[PDB]
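Enquirer: Starting off with a structure, shown below.
Note: ideal-geometry Cβ built from the backbone for every residue, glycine included; neighbour counts use all protein chains shown. Derivation of every value follows stated rules applied to the coordinates shown; laboratory data play no part.
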Amino acid sequence: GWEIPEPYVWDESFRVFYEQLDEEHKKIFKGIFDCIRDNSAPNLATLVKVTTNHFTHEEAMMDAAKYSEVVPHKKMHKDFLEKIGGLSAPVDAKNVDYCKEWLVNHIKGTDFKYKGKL
């Protein structure tokens, strides 16, 4: 239900207040923006790589903090990796939209729950 930025770029409304997570989030927005601009195999692979790194990092912080809601969270991450992991360039228009919307809703609806808890 959250608004999708146009152009697709991270903004302060998305801040989680963990400098490393915020930088990772900015790179995932950029990853998707680059696939929008140039729907190539290298850009899709980059998106897969930065998202994988991000999930590993965010889950390691959630674990360390004995954050209570890490199981539903990790399930959402695993599902998204499964999905983008399976795409091939050029990504079709319906899946680019799916990715644009997915990130926006994942950050504001789920990552936002860990603000101040890590």
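Enquirer: Of all residues in region 79-118, which are out of contact with any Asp or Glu (no Cβ under 9 Å at 6 or more places or on another chain) and among the polar types (S, T, N, Q)?
Expert: If the condition is that a residue be out of contact with any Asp or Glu (no Cβ under 9 Å at 6 or more places or on another chain) and among the polar types (S, T, N, Q), then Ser88, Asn95, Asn105 are the ones that fit.
Enquirer: Exactly one of these conditions fails for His25: (1) under 24 Å from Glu3 (Cα atoms); (2) free of Cβ contacts under 8 Å to residues at least 40 places away in the same chain; (3) in contact with a helix residue (DSSP H, G or I) (Cβ under 9 Å, 6 or more places away or on another chain); (4) of a type outside the set (A, V, I, L, M, F, W, C). Give me its number.
Expert: Evaluating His25 over (1) under 24 Å from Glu3 (Cα atoms); (2) free of Cβ contacts under 8 Å to residues at least 40 places away in the same chain; (3) in contact with a helix residue (DSSP H, G or I) (Cβ under 9 Å, 6 or more places away or on another chain); (4) of a type outside the set (A, V, I, L, M, F, W, C) leaves (2) as the failure.
Enquirer: Checking the condition touching a residue at least 40 places away in the same chain (Cβ under 8 Å) and either among the polar types (S, T, N, Q) or in contact with a strand residue (DSSP E or B) (Cβ under 9 Å, 6 or more places away or on another chain) (or both), which residue from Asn39, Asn53 passes?
Expert: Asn39
Enquirer: How many of the residues in region 9-39 are more than 21 Å from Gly85 (Cβ to Cβ) and in a loop (DSSP other than H, G, I, E, B)?
Expert: 7
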